[PDB]
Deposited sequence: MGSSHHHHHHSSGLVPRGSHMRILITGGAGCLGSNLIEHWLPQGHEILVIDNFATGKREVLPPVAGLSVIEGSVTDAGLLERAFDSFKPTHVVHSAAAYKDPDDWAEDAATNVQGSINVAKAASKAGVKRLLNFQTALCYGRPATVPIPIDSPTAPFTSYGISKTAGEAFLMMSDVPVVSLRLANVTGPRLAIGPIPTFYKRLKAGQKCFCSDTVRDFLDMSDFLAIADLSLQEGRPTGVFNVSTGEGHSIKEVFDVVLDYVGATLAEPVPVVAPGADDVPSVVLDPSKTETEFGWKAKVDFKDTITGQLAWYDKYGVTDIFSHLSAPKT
């Protein structure tokens, strides 16, 4: 039915996570039909209320029969692959099963089911220690952690698919229900009057609204396929983030501390090919990105369970 001429039946793996739930909140009010598959390893049941147009299967992308049955009953036109394992750096076996084998399973099931477009999200950890920052899209993959090695292979399998695939390599995305990293940490700590420390690292940040716009473009028939960096292309230090929080919240000068052994000095993506090929560009700058995150904390707390669905 609606939206007229472009109703999607969207199968979203990992739909109970941050990105998944934010996409559901974006698409469901438009009339799209959504099916989520999640094992609740990190995602939350509370972000998936029993509303019309939304179904939820508690299961794993590693379970290939659960997937064939779900693709067969639901008949999606589109797939968003957002399921990932990462929480235990030493559980290589779970990373490989979810991130490699689960990607392969989704790919095979999508191809059989005839889906029009498949959207995957890739961690910038795929680049490992880059030689060039901002990282060009044609830079090699060079992961050196369980999460990066497994995601790298996952993406590589997906790119062999006969289904048109977009894999978005992502900046640190901010928005509703983000509850980890420097933004919430500096916010809670500064309100608690606790000592903060800034890693001596450059990172990039993307506002949820800009993430949503490229996700929309990525699922349109006829649009480009392949791997794409999604960023403003600007990098900001952890200290710069801290400074925005401090001023926002209104509290000895903060020490610049690290970086840890496995911490890459600078990770900032070059989005130039994505601008060219999609005509997309990130509209929300750094200050507004962090500020809107902090504004969300003021209203709902540092929580990962506040649903904007009725």
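Give the ranges of the deposited sequence, numbered from 1, for which the structure holds no C-alpha coordinates, in sequence order.
No coordinates exist for the deposited residues in 1 to 13, 265 to 267, 327 to 330, so these stretches are absent from the model.
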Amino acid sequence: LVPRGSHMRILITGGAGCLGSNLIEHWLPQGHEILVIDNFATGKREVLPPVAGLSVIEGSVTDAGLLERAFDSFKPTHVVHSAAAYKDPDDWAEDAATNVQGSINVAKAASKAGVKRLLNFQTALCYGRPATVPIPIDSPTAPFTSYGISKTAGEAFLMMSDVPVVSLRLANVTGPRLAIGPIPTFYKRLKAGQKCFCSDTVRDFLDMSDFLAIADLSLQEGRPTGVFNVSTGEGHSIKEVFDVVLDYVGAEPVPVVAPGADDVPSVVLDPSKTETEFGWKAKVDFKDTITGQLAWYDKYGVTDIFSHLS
From here on, numbers count along this sequence of modelled residues.
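Using only C-alpha atoms and the B-factors in the entry, which stretch averages higher, 157 to 165 or 68 to 76?
Looking at the recorded C-alpha B-factors, 68 to 76 comes out higher on average.
On average, which has the higher Cα B-factor in the deposited entry, 268 to 276 or 255 to 263?
Result of the comparison: 255 to 263.
Of 127, 205, 228, 197, which one's C-alpha B factor is largest in the deposited record?
By C-alpha B-factor in the record, 197 ranks first.
In terms of the CA temperature factor given in the entry, to which third of its chain does residue 210 belong: lowest, middle or highest?
Tercile = lowest for this residue's CA B-factor.
Hey, what third does residue 151 fall into on Cα B-factor, ranked over its chain?
Lowest third of the chain for residue 151's C-alpha B-factor.
For residue 89, return the chain-relative third of its C-alpha B-factor as stated in the PDB record: lowest, middle or highest.
Within its chain, residue 89 is a middle-third residue by C-alpha B-factor, going by the deposited values.
Where does residue 143 sit by CA temperature factor within its chain: lowest, middle or highest third?
Lowest third - that is where residue 143 ends up once the chain's C-alpha B-factors are sorted.
Against its chain's modelled residues, does residue 119's Cα B factor rank lowest, middle or highest third?
Tercile = lowest for this residue's CA B-factor.
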